[PDB]
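Structure first, then comments.
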Amino acid sequence: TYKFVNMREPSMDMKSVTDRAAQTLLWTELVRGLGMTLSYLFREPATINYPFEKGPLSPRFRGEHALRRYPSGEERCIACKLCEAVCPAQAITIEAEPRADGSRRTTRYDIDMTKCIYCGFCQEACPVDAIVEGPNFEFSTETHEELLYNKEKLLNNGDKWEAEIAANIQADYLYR
Amino acid sequence: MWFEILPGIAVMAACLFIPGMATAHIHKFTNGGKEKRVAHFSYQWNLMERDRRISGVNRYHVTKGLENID
Amino acid sequence: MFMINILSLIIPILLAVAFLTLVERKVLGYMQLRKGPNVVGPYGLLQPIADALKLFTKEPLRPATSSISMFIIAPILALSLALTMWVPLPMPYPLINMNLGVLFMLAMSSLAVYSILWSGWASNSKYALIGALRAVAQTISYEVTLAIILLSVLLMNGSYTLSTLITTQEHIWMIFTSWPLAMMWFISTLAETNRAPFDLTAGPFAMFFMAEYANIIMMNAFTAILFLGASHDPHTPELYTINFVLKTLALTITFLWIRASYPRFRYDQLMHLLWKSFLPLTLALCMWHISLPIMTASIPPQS
Amino acid sequence: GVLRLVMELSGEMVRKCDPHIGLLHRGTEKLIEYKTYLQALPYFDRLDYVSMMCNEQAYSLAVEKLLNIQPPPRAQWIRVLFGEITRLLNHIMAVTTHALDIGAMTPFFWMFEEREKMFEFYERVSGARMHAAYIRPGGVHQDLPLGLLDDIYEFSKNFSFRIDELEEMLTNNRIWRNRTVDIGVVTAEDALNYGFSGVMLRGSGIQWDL
Amino acid sequence: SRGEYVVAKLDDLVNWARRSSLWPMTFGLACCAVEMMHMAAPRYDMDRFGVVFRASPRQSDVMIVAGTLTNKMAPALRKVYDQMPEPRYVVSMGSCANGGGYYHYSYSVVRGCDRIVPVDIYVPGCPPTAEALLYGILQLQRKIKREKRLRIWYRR
Amino acid sequence: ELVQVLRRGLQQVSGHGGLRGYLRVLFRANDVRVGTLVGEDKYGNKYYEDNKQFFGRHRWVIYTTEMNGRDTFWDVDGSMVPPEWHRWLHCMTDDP
Amino acid sequence: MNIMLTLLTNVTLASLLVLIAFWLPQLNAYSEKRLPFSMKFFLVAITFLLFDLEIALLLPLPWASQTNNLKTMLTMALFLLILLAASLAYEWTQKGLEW
Ligand SMILES: CCCCCCCCCCCCCCCCC[C@@H](O)O[C@H](CO[C@H](O)CCCCCCCCCCCCCCC)COP(=O)(O)OCC[N+](C)(C)C
Ligand SMILES: CCCCCCCC/C=C\CCCCCCCC(=O)O[C@H](COC(=O)CCCCCCC/C=C/CCCCCCCC)COP(=O)(O)OCCN
Ligand code: SF4
Ligand code: SF4
Ligand code: SF4
C-alpha cells in the first residue's frame with residue numbers, strides 16, 4: 001500500500017482564494033513559525049552541567065581496557081592469544097614464556113589504543129575474563145606515545161578500576 | 001531556565017539608558033535648569049540672540065522678567 | 001561639556017553592542033533547547049570581555065599583497081558611520097538637533113556601502129569581490145524602498161525633523177496609521193543589515209562586527225521612534241527614555257527571533273522579492289499617503 | 001562530509017558540475033579480504049555511518065544466505081526494530097542537515113536531542129553509542145536488557161509531536177518552499193536509468209520499496 | 001620584584017581570555033564528526049563553554065581533526081592549518097586521526113594526523129563519545145591555562 | 001506564582017550555608033541547585049541527587065578543592081571520581 | 001561646529017581603536033610565515049541609479065503639501081509616481097528584472 005504526499009488540489013472558490021491571498025499578504029505561516037520558536041524558548045533546556053553531571057551509561061559500555069586478576073591476586077591472562085587472533089584492527093601484541101614456577105603467563109601485552117576500534121571482541125573472546133574493556137572514557141592524552149599501552153599500564157588500569165569493572169561484569173554476565 | 005537571559009539584557013538596557021538621560025541632564029546643566037532652546041527657522045534664533053543681548057551676562061537662558069521693566 | 005555628551009553617547013553604544021553578542025547567543029541557545037554561554041562569568045556576563053581580549057590579542061592576517069590603504073580605511077568608515085547615525089536620534093532630546101535629521105540618516109546609510117565595496121576590492125580575490133558586488137547590489141536595492149517608505153511615513157509628520165515624530169504620536173502610534181509600510185520597513189531593515197533571511201555573505205574583523213551590530217541597534221532605535229511613538233513628558237524625560245529603550249530592545253530581540261526561526265533566501269529570490277513585491281506596493285502606498293491628508297484635510301502643521 | 005566540486009558557471013546558472021571524490025577512500029574492500037567474516041563485520045558500521053545497523057543487517061543477510069542458515073524469530077524481530085530505529089536516526093540527520101545547509105538550523109538541535117536518546121538505546125543494547133556491531137551473521141550479539149522495551153515505547157510515543165514541530169517549522173514555510181519546490185526535478189525514466197533507488201525513485205512517482 | 005608580578009598577572013589575564021573563548025573549525029572527514037555534532041547538541045552544548053559552533057578558518061583558534069585522513073586529503077589539511085592565525089592548536093579525535101585506527105595498514109590512509117600537523121590533545125575512541133570530546137576540549141583549556149608566555153619572554 | 005519562585009530562589013540561596021557558600025557554588029559549578037546529600041568521598045567529593053530533575057540532571061558531584069597534590073578549586077575534571085562513585089554517577093546502577 | 005567636533009571625535013576614536021587593534025598583535029614575535037563581467041549586476045546598479053534620481057525628485061513632497069495649490073501639487077506628485085511605476089513596469093515587461 002502507498003500514500004500520496006503532494007497530490008492535493010487547491011480549492012478555487014472565492015473564500016479559499018481570499019484565504020491564500022491573505023496568507024500571502026499578511027504572512028500567517030511565518031507568524032505561526034515564529035510562535036513555534038517562541039513556545040520552544042519557554043521550555044526547559046536539555047543541557048547537563050558537565051563535568052558536574054554525567055551522561056547516562058550502561059554496564060555494557062566499552063571504555064579503556066584493563067587486565068583483571070583472580071581474587072587470590074594472580075593475573076587471569078594465560079597467553080592463549082585469542083584476543084590477539086580476533087582483533088579486527090591488529091592492536092594487540094602478545095609474547096609469552098613459562099614463568100619461574102612453570103605458569104603460562106605473558107611477558108609482553110601491548111595494546112595500541114590508536115589502532116583499537118573499541119569493538120569489544122577481545123573481551124568476548126577471552127575465556128578467563130582477563131582482558132576487559134572497562135567503564136573509563138575520560139583518558140585523553142597530550143602525546144601520541146602515552147596511548148601505546150604495555151602490560152604494566154593495563155595491569156595498573158585493572159587494579160585501579162577493579163571495583164566498578166567487577167560490579168559491571170556482575171550486572172551483565174548473565175546476558176552472555 | 002529562560003530568565004537567565006535577563007541579566008545580560010539588563011546590562012544592555014543599562015547601556016542604552018545612559019546616552020538619552022545624560023543628554024537631558026547636560027541640557028539642564030548648560031541651560032539654567034530648563035530645556036535647551038531649539039532654533040530652526042531663524043526667527044527663534046533671533047529671539048535667542050535678543051535674549052542673549054538683553055541678559056547682559058551674554059547668556060540667553062538668563063531670563064529678564066517683568067521686574068526689569070521699571 | 002559637549003565632549004562629555006559625545007563620550008556618554010559613544011561608549012555606552014559600544015558596550016551595548018559588546019553585550020548584544022552575548023544576548024544573541026543566549027536567546028538562540030534557549031530557542032534551541034540549550035543554553036548560551038553561562039560558564040565564563042556568573043551567567044556568561046564575562047563572555048564579551050573574553051571575546052574582545054582574545055580577538056585583540058590574536059595575530060591579524062594581512063593579505064601581504066593588498067592595498068593597505070583601503071584595507072585599513074574600510075573599518076574606519078564603517079565604524080565612524082555606525083557611530084554617527086546615533087547623533088540625530090532624539091531620546092527624548094537629541095545630542096545634535098537638526099532640521100533635516102531623517103535625510104541625514106538616509107545619506108549616512110547611503111554612504112555605508114563604500115566599506116563593503118572597498119573591502120571587496122582590496123581583498124585581491126575574484127570570489128570575495130563577487131560576493132561584495134552581490135552584497136552592494138542588495139543593499140542599494142533595499143535602500144531605495146527604505147527612502148520611499150520613509151518619505152511616505154513622514155508625509156504625516158510635516159518635516160524631516162526626528163523630534164516632531166514624538167509630537168506626531170502623542171495619542172496613537174504610527175503602527176496603526178500605516179502598518180503595511182511598517183512591515184515593509186522592518187523587512188527592508190532586515191535586508192539592509194544583512195540579517196536572516198538575507199545574510200548571504202582579528203582586529204579589523206572585530207571592527208566590522210562592531211559596526212554591523214551598532215547599525216542593527218540604531219536601525220531598531222530609528223524604527224521604534226518612527227513607528228512606536230512613546231509618550232514624552234518635558235518634566236521627566238527618563239520615562240520616555242525607558243519606553244524607547246524597551247521598545248528598541250524588543251525589536252532587536254525580534255531580529256534575533258527571526259534569525260532563529262527561518263531559512264535564508266537565494267540572491268535572486270530576495271532581489272525578486274524587492275523589485276516585484278515591495279516596490280509596486282511601496283509606490284501604491286506612497287500615492288495613497290500623498291492623497292490621504294488632502295482628502296481628509298489632515299495636513300500636518302510645519303512648513 | 002568532505003567534497004570537492006568543479007563547476008563551469010555562466011552567470012549564476014550552473015552549466016557544468018563535476019564532483020571529485022576519493023577524499024575518504026580508505027580501501028575498506030581490500031582490507032576486508034585480510035579479515036575473517038566476524039573480523040570484517042565492523043567495517044560496515046563505518047561504511048554508511050549514520051545508519052549503522054542497516055549496514056550490519058545487509059552484511060549479515062548476505063553471509064547468512066551464503067551459509068544456508070536462518071536467524072531465530074526473536075533475532076529477526078530485534079533486527080527489524082533496530083533497523084526502523086536506525087531509519088529514524090538517518091532521516092532526522094538527513095532532513096535537519098538539509099535544513100541547516102539551507103539555513104534553518106533550529107530543528108537540528110530540536111531533533112538531535114531525540115538522536116541522543118536513540119544513541120542511548122544503541123548503547124544500552126551493545127555498549128557502543130553508534131558503532132554497535134550488534135547485528136551479527138547469525139542473529140544478534142546479545143539479548144535486550146530487561147528494561148529496554150519499556151524505554152523504547154516511552155520514547156516512541158512522543159516522537160510524533162517532534163515530527164509535527166519539524167513540519168510546523170519547515171513544511172508550509174514559503175522560504176522553504178521556494179528553496180525546495182521545482183528544484184532538482186528528475187523524471188522516472190531518468191531515475192531508473194541512472195541507477196537511483198530509495199526516495200529518489202519514489203519522489204518521481206515510481207512505486208518501489210524493497 | 002613587581003616586574004615579575006605584573007607579567008605574571010598580565011599573562012594570567014591573556015591565558016584566561018584565550019582559553020575562555022575557543023573558536024574551532026572541524027574537519028568532519030568521517031563519522032567522528034557525528035559525535036562532534038552531538039557535542040554541539042543541546043545535551044552537551046559546547047557553546048555554553050564559549051566554544052562557538054563552526055567558526056571560519058580565518059578566525060578559528062583550534063583545529064579538530066575528526067575522521068580518517070587519506071593521502072588525497074593531507075595537502076588540504078596542511079594548507080588549512082597553514083592559514084590559521086598563530087595562537088593555534090590541533091586536537092586529534094578518534095583512532096583514525098590519532099594513529100590510523102581501523103585503516104592503519106592501508107595504501108591510501110595517513111597513519112595519523114600528526115604526520116602532517118603538530119597535535120596538542122589526543123582524544124581516543126572509535127568514536128569518542130561527545131562527553132569524551134568535551135573532556136578533551138577542557139583538557140586543552142587547562143593546558144592553555146598552564147602555559148606562560150610573558151614570564152618566558154621576561155627571563156630571556 | 002511569581003512570589004513562589006522568588007521564595008524558592010531565596011531558599012536556594014539559604015540552603016548553601018549563606019551567601020558565601022552560594023557564591024562559592026555559583027562560581028565553581030555554575031549551578032546553585034540544592035539536593036539531598038548522598039555521600040562523602042575520601043578525597044573530598046560530595047554527591048547529591050534530586051529525583052524531581054529530569055534524567056541526566058538528577059545526580060551531581062561537587063569536586064573537592066584539593067585532591068592528591070594539586071589545588072582543585074578551579075581545575076576540576078571528570079577523572080577525579082573514584083570507580084564506585086563513577087559507577088553511581090554515570091547511572092550504571094541505582095545503588096550508591 | 002558641534003557637528004564638526006562630533007564627526008572629528010567619532011573618526012578619531014575609530015582610527016585610534018583600529019590602530020591599537022592592528023598594532024597590539026604586532027608587538028609580540030611570530031613566525032611571519034575576473035573576466036566574466038555579469039551584465040545583470042550593471043543593470044541593477046543602473047536601475048538603482050535611475051530610481052534614486054526619481055526619488056530625489058520626490059523628496060520635497062513633505063513641504064510641497066502647503067501651497068494653496070493642492071490640486072496642482074497633487075496632480076504633479078501623482079504624475080511623478082505614475083512615471084516611477086511606468087519605468088518599473090517597462091523594465092519588468094522587457095525582461096530587465098530576471099536572473
Ligand atoms: C579598565 C581598563 C581596561 C584595560 C584593558 C583590559 C580589559 C578589561 C579587564 C577586565 C577583564 C576581566 C577579568 C576577570 C577574570 C576572572 C574570571 C574567573 O572566574 O576566573 C577564575 C580564575 O581564573 C584565573 O585564575 C584568574 C585570571 C584573571 C586575571 C588575573 C589578573 C589580571 C589583572 C590585570 C589587569 C591590568 C590590565 C593592564 C592591561 C591593559 C576561574 O575561572 P576558570 O578557572 O578559567 O574556569 C573554570 C570553570 N569551572 C570553575 C567551572 C571549572
Ligand atoms: C479603505 C482604505 C484602505 C487603504 C489601502 C490599504 C490596504 C492594505 C491591505 C494590503 C496591504 C498588505 C501589504 C503588506 C506587505 C506584503 C508584502 C509581501 O507580500 O511580500 C511577501 C514576502 O514577504 C516575506 O516573506 C518576508 C519574509 C522575511 C522574514 C520576516 C518574517 C515575517 C515576520 C516578522 C514580523 C514582522 C514585524 C513587522 C512589524 C515591525 C514594526 C516596526 C510576498 O512574497 P511571496 O509570497 O513569495 O509572493 C511573491 C509572488 N507574488
Ligand atoms: S587476555 Fe584472555 S584472550 Fe587475551 S591472551 Fe590473555 S587469556 Fe588469552
Ligand atoms: S576492542 Fe576490538 S580493536 Fe580494540 S583491542 Fe579489543 S578486539 Fe582489538
Ligand atoms: S575513528 Fe572510529 S568512529 Fe571515527 S570514523 Fe574512524 S572508525 Fe568511525
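Scheme for the C-alpha cells: letters A, B, ... for chains in order shown; per-chain residue numbers from 1; ligand numbers from 1 in order shown.
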Practice item. Pull out every residue of chain C sitting within 12 Å of chain E, counting only C-alpha atoms, and send them as a PyMOL selection string. Key: chain C and resi 21-22+25-26+28-41+43-63+202-206
Practice item. Kindly work out which residues sit at most 9 Å from ligand 4, using only C-alpha atoms and all ligand atoms, and give the list as a VMD selection string. Key: (chain A and resid 62 to 63 65 83 to 92 111 to 113 115 to 125 131 to 133) or (chain D and resid 39) or (chain E and resid 101 to 102)
Practice item. Please identify every polymer residue within 8 Å of ligand 2, using only C-alpha atoms and all ligand atoms, and present the set as an MDAnalysis selection string. Key: (chainID A and resid 24:27 30:31 34) or (chainID C and resid 175 179:187 190 196:197 220 223:224 227:228 251 254 258 262 273 276:278 281 285 288) or (chainID D and resid 174:175 178)
Written selection (N, CA, C and O atoms) as a short mmCIF file (atom, residue, chain, number, x, y, z; two decimals), in the first residue's frame:
data_model
loop_
_atom_site.label_atom_id
_atom_site.label_comp_id
_atom_site.auth_asym_id
_atom_site.auth_seq_id
_atom_site.Cartn_x
_atom_site.Cartn_y
_atom_site.Cartn_z
N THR A 24 -0.63 35.17 1.79
CA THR A 24 0.48 35.76 1.05
C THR A 24 0.79 37.17 1.54
O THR A 24 1.97 37.54 1.67
N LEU A 25 -0.23 37.96 1.82
CA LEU A 25 -0.04 39.37 2.15
C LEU A 25 0.28 39.62 3.62
O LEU A 25 1.05 40.53 3.92
N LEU A 26 -0.28 38.83 4.53
CA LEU A 26 -0.11 39.07 5.96
C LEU A 26 0.87 38.12 6.62
O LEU A 26 1.14 38.27 7.82
N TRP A 27 1.42 37.15 5.89
CA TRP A 27 2.44 36.24 6.39
C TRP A 27 1.95 35.46 7.61
O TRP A 27 2.50 35.57 8.71
N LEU A 30 4.41 32.45 8.44
CA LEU A 30 5.63 32.98 9.03
C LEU A 30 5.42 33.32 10.50
O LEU A 30 6.27 33.01 11.35
N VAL A 31 4.29 33.94 10.83
CA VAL A 31 3.99 34.25 12.22
C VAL A 31 3.78 32.96 13.01
O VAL A 31 4.12 32.88 14.20
N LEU A 34 7.14 31.67 13.85
CA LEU A 34 7.61 32.49 14.96
C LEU A 34 7.03 32.02 16.28
O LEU A 34 7.74 31.91 17.28
N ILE C 175 2.17 52.85 13.98
CA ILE C 175 1.93 51.48 13.55
C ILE C 175 0.48 51.29 13.14
O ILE C 175 0.18 50.53 12.22
N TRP C 179 0.37 50.29 9.00
CA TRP C 179 1.06 49.04 9.30
C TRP C 179 1.71 48.39 8.08
O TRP C 179 2.76 47.76 8.24
N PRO C 180 1.13 48.45 6.86
CA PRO C 180 1.85 47.84 5.72
C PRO C 180 3.22 48.44 5.48
O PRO C 180 4.19 47.71 5.25
N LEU C 181 3.32 49.77 5.56
CA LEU C 181 4.62 50.41 5.41
C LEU C 181 5.56 50.01 6.53
O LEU C 181 6.77 49.89 6.32
N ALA C 182 5.03 49.80 7.73
CA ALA C 182 5.86 49.36 8.84
C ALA C 182 6.41 47.96 8.61
O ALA C 182 7.58 47.68 8.89
N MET C 183 5.57 47.05 8.10
CA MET C 183 6.03 45.70 7.78
C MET C 183 7.13 45.75 6.74
O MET C 183 8.18 45.08 6.87
N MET C 184 6.93 46.55 5.70
CA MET C 184 7.92 46.65 4.64
C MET C 184 9.21 47.29 5.14
O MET C 184 10.30 46.88 4.74
N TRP C 185 9.09 48.28 6.02
CA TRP C 185 10.27 48.90 6.63
C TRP C 185 11.05 47.89 7.45
O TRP C 185 12.29 47.86 7.39
N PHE C 186 10.36 47.06 8.23
CA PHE C 186 11.04 46.05 9.02
C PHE C 186 11.80 45.07 8.14
O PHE C 186 12.96 44.74 8.41
N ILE C 187 11.16 44.60 7.07
CA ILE C 187 11.83 43.65 6.18
C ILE C 187 13.03 44.30 5.50
O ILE C 187 14.09 43.68 5.35
N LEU C 190 15.84 44.41 7.85
CA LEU C 190 16.48 43.10 7.81
C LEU C 190 17.48 43.02 6.66
O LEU C 190 18.64 42.67 6.85
N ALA C 196 19.31 37.55 8.81
CA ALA C 196 18.50 36.47 8.29
C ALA C 196 17.07 36.94 8.07
O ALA C 196 16.54 37.71 8.89
N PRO C 197 16.40 36.50 7.00
CA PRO C 197 16.87 35.57 5.97
C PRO C 197 17.58 36.21 4.78
O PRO C 197 17.28 35.83 3.65
N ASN C 220 17.02 49.62 14.88
CA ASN C 220 15.90 49.37 15.78
C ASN C 220 15.46 50.62 16.53
O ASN C 220 14.26 50.83 16.73
N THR C 223 13.52 52.65 14.11
CA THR C 223 12.21 52.05 13.88
C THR C 223 11.26 52.32 15.05
O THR C 223 10.08 52.62 14.85
N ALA C 224 11.77 52.20 16.28
CA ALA C 224 10.94 52.46 17.45
C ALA C 224 10.47 53.90 17.49
O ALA C 224 9.31 54.18 17.79
N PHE C 227 7.87 54.45 14.33
CA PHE C 227 6.59 53.75 14.27
C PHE C 227 5.95 53.50 15.62
O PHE C 227 4.74 53.23 15.66
N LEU C 228 6.70 53.56 16.71
CA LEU C 228 6.18 53.25 18.04
C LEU C 228 6.44 54.47 18.90
O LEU C 228 7.41 54.52 19.66
N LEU C 251 12.54 45.09 19.64
CA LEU C 251 12.73 44.95 18.19
C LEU C 251 14.03 44.22 17.86
O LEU C 251 14.09 43.43 16.91
N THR C 254 13.56 40.78 18.36
CA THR C 254 12.76 40.28 17.24
C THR C 254 13.63 39.91 16.04
O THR C 254 13.37 38.89 15.39
N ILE C 258 13.75 36.12 14.60
CA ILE C 258 13.61 35.84 13.18
C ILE C 258 14.80 35.04 12.67
O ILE C 258 14.65 34.11 11.88
N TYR C 262 14.04 30.87 10.78
CA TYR C 262 13.74 30.84 9.36
C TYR C 262 14.90 30.28 8.54
O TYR C 262 16.05 30.31 8.98
N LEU C 273 11.95 39.49 -4.71
CA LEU C 273 11.08 39.94 -3.63
C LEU C 273 10.98 41.46 -3.63
O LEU C 273 9.89 42.02 -3.79
N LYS C 276 9.72 43.15 -7.25
CA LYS C 276 8.44 42.73 -7.78
C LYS C 276 7.35 42.59 -6.73
O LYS C 276 6.21 42.29 -7.09
N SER C 277 7.65 42.79 -5.46
CA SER C 277 6.61 42.78 -4.45
C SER C 277 6.65 44.02 -3.57
O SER C 277 5.60 44.53 -3.20
N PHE C 278 7.84 44.51 -3.24
CA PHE C 278 7.92 45.64 -2.33
C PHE C 278 7.79 46.96 -3.08
O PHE C 278 7.06 47.85 -2.64
N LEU C 281 4.00 47.84 -4.28
CA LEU C 281 3.18 48.23 -3.14
C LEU C 281 3.71 49.50 -2.48
O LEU C 281 2.93 50.30 -1.97
N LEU C 285 1.37 52.71 -1.98
CA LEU C 285 1.14 53.30 -0.67
C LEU C 285 1.71 54.70 -0.57
O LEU C 285 1.20 55.53 0.19
N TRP C 288 -1.06 56.65 -1.98
CA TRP C 288 -2.14 56.72 -1.00
C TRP C 288 -1.82 57.72 0.10
O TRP C 288 -2.70 58.47 0.53
N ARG D 174 7.12 29.55 3.35
CA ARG D 174 7.25 29.91 1.94
C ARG D 174 8.71 29.97 1.51
O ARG D 174 9.02 29.68 0.34
N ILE D 175 9.62 30.32 2.41
CA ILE D 175 11.04 30.32 2.07
C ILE D 175 11.53 28.90 1.83
O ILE D 175 12.29 28.64 0.88
N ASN D 178 10.15 27.85 -1.61
CA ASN D 178 10.87 28.43 -2.73
C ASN D 178 12.30 27.94 -2.83
O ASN D 178 12.90 28.03 -3.90
#
Exercise for review: Enumerate as number ranges by chain all residues of range 12-148 of chain E assigned to helix (DSSP H, G or I) by DSSP on the backbone, naming them with the chain letters and numbers the document uses.
Suggested key: E: 12-20, 32-39, 46-49, 74-82, 94-99, 101-103, 113-115, 130-146
Review point. Which residues, written as number ranges by chain, have at least one atom at most 9 Å from residue 90 in chain E, with only C-alpha atoms counted and residues fewer than 4 positions away on the same chain left out?
Key: E: 61-65, 81, 117-121
Would you mind exporting the chosen residues as a CSV table (one decimal), in the first residue's frame, restricted to N, CA, C and O atoms?
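Resulting contents of out_20.csv:
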chain,number,residue,atom,x,y,z
E,61,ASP,N,40.5,29.2,16.3
E,61,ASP,CA,41.6,29.0,17.3
E,61,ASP,C,42.1,27.6,17.4
E,61,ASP,O,43.4,27.5,17.5
E,62,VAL,N,41.3,26.6,17.3
E,62,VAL,CA,41.7,25.2,17.4
E,62,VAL,C,41.2,24.5,16.2
E,62,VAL,O,40.0,24.7,15.8
E,63,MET,N,42.0,23.6,15.6
E,63,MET,CA,41.6,22.7,14.6
E,63,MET,C,41.3,21.3,15.2
E,63,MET,O,42.1,20.7,15.9
E,64,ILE,N,40.1,20.8,14.9
E,64,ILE,CA,39.7,19.5,15.4
E,64,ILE,C,39.6,18.5,14.2
E,64,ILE,O,38.8,18.7,13.3
E,65,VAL,N,40.5,17.6,14.1
E,65,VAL,CA,40.6,16.6,13.0
E,65,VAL,C,39.8,15.4,13.4
E,65,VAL,O,40.3,14.6,14.2
E,81,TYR,N,45.7,24.3,7.8
E,81,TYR,CA,46.4,24.6,9.1
E,81,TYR,C,47.3,25.8,8.9
E,81,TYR,O,47.5,26.6,9.8
E,117,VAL,N,50.4,17.6,10.9
E,117,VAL,CA,50.4,18.8,11.7
E,117,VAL,C,50.7,18.4,13.2
E,117,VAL,O,50.5,17.3,13.6
E,118,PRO,N,51.3,19.3,13.9
E,118,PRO,CA,51.6,19.0,15.3
E,118,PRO,C,50.3,19.0,16.1
E,118,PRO,O,49.4,19.9,15.9
E,119,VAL,N,50.1,18.0,17.0
E,119,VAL,CA,48.8,17.8,17.7
E,119,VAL,C,49.1,18.0,19.2
E,119,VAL,O,50.1,17.6,19.8
E,120,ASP,N,48.1,18.8,19.8
E,120,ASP,CA,48.2,19.1,21.2
E,120,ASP,C,47.5,18.1,22.1
E,120,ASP,O,48.0,17.8,23.2
E,121,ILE,N,46.3,17.7,21.7
E,121,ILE,CA,45.5,16.8,22.5
E,121,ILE,C,45.1,15.6,21.7
E,121,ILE,O,44.6,15.8,20.5
Practice item. Could you list the residues in chain A lying within 8 Å of chain D, using only C-alpha atoms, and format the result as a VMD selection string? Key: chain A and resid 2 29 to 30 32 to 33 36 46 56 to 62 86 to 88 119 175 to 176
Can you write out the residues you just picked, keeping C-alpha atoms, as a tab-separated table (two decimals), in the first residue's frame?
chain	number	residue	atom	x	y	z
A	2	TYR	CA	1.13	3.55	-0.76
A	29	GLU	CA	2.57	30.85	8.28
A	30	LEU	CA	5.63	32.98	9.03
A	32	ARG	CA	2.99	30.68	13.08
A	33	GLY	CA	6.61	29.54	12.79
A	36	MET	CA	6.55	27.76	17.41
A	46	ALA	CA	18.18	19.77	27.82
A	56	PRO	CA	23.89	8.00	31.39
A	57	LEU	CA	25.78	4.83	30.51
A	58	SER	CA	25.25	1.07	30.69
A	59	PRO	CA	27.04	-1.93	32.20
A	60	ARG	CA	27.74	-2.95	28.60
A	61	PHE	CA	29.67	0.24	27.83
A	62	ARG	CA	33.12	-0.16	26.25
A	86	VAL	CA	40.33	-11.95	16.85
A	87	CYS	CA	41.34	-8.27	16.96
A	88	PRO	CA	39.91	-6.63	13.82
A	119	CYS	CA	34.60	-3.25	19.36
A	175	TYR	CA	23.38	-11.93	29.20
A	176	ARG	CA	26.49	-13.58	27.76
Show which residues sit within 12 Å of residue 189 in chain D, as a short mmCIF file (atom, residue, chain, number, x, y, z; two decimals) with C-alpha atoms, in the first residue's frame. Count only C-alpha atoms, and ignore same-chain residues fewer than 4 positions away.
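Ended up saving to out.cif:
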data_model
loop_
_atom_site.label_atom_id
_atom_site.label_comp_id
_atom_site.auth_asym_id
_atom_site.auth_seq_id
_atom_site.Cartn_x
_atom_site.Cartn_y
_atom_site.Cartn_z
CA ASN D 193 18.32 4.57 -16.00
CA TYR D 194 20.74 6.45 -13.72
CA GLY D 195 20.58 3.73 -11.06
CA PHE D 196 18.73 5.76 -8.44
CA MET D 200 14.90 9.31 -5.24
CA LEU D 201 12.72 6.80 -7.07
CA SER D 204 9.27 10.80 -9.06
CA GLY D 205 6.22 8.57 -8.56
CA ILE D 206 7.82 5.14 -9.01
#
**Study point:** Interatomic distance (Å, one decimal) between CA of residue 55 in chain G and CA of residue 135 in chain C
**Key:**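 Taking CA of residue 55 in chain G and CA of residue 135 in chain C, their separation equals 21.8 Å.
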Exercise for review: Give as number ranges by chain every residue of chain A that touches chain C within 6 Å, counting only C-alpha atoms.
Suggested key: A: 40-41, 45-47
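Within 9 Å of range 80-83 of chain D, once only C-alpha atoms are used and residues closer than 5 positions along the same chain are dropped, the contacting residues are residues 51, 52, 53, 54, 57, 75, 88 and 122 of chain D.
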Those same residues - C-alpha atoms - I'd like them written as an mmCIF file, in the first residue's frame.
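File produced: again-v9.cif:
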data_model
loop_
_atom_site.group_PDB
_atom_site.id
_atom_site.type_symbol
_atom_site.label_atom_id
_atom_site.label_comp_id
_atom_site.auth_asym_id
_atom_site.auth_seq_id
_atom_site.Cartn_x
_atom_site.Cartn_y
_atom_site.Cartn_z
ATOM 1 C CA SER D 51 22.667 4.148 9.538
ATOM 2 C CA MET D 52 24.926 1.554 11.158
ATOM 3 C CA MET D 53 22.743 -1.438 11.978
ATOM 4 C CA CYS D 54 21.245 -1.266 8.486
ATOM 5 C CA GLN D 57 21.900 -6.216 8.642
ATOM 6 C CA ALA D 75 16.599 -12.120 16.387
ATOM 7 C CA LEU D 88 14.559 7.286 12.223
ATOM 8 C CA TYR D 122 22.119 1.687 20.978
#
Exercise for review: May I ask which of the residues D:162, D:74, D:136, D:115 is the closest one to chain E, counting only C-alpha atoms?
Suggested key: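 Going through D:162, D:74, D:136, D:115 one by one, the smallest distance to chain E is for D:115.
Here is the contact set of chain F against chain C, at 12 Å and counting only C-alpha atoms: residues 22, 23, 24, 25, 26, 27, 28, 29, 30, 31, 32 and 74 of chain F.
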**Study point:** Sel. of strand (DSSP E or B) residues, range 25-80 of chain E, as number ranges by chain
**Key:** E: 25-28, 62-66, 70
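The neighbours of residue 63 in chain G here are the residues that come within 10 Å of it, using only C-alpha atoms and leaving out any residue fewer than 3 positions away in the same chain; they are residues 155, 158, 159, 160, 300, 302 and 303 of chain C; 59, 60, 66 and 67 of chain G.
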Point to revise | Test item: chain B residues at most 10 Å from chain A, counting only C-alpha atoms, as a ChimeraX atom specification | key: /B:1-3
Write to file, as a tab-separated table (two decimals), in the first residue's frame, the residues of the selection just made, with N, CA and C atoms.
chain	number	residue	atom	x	y	z
B	1	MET	N	17.00	28.29	33.38
B	1	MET	CA	15.81	28.48	32.57
B	1	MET	C	15.92	29.79	31.80
B	2	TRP	N	14.83	30.20	31.14
B	2	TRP	CA	14.90	31.34	30.24
B	2	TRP	C	15.26	32.64	30.95
B	3	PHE	N	14.88	32.80	32.21
B	3	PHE	CA	15.14	34.06	32.90
B	3	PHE	C	16.62	34.33	33.10
**Study point:** Using only C-alpha atoms and all ligand atoms: which of G:39, G:1, G:21, G:78 has the shortest distance to ligand 1
**Key:**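 For ligand 1, the nearest of the candidates is G:21.
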**Study point:** All residues 8 Å or closer to residue 118 in chain D, only C-alpha atoms, same chain fewer than 4 positions away omitted, as a ChimeraX atom specification
**Key:** /D:85,89,114,122
Practice item. Enumerate as a ChimeraX atom specification the residues belonging to chain G that approach chain E to within 12 Å, with only C-alpha atoms taken into account. Key: /G:25-26,28-33
**Study point:** Surroundings of ligand 5 up to 8 Å, based on only C-alpha atoms and all ligand atoms, as a PyMOL selection string
**Key:** (chain A and resi 117) or (chain D and resi 43+45-46+49+130-131) or (chain E and resi 29-33+66-68+93-97+101-102+125-128)
**Study point:** Nearest to chain F, chosen from D:95, D:18, D:64, D:117, with only C-alpha atoms counted in the distances
**Key:** D:117
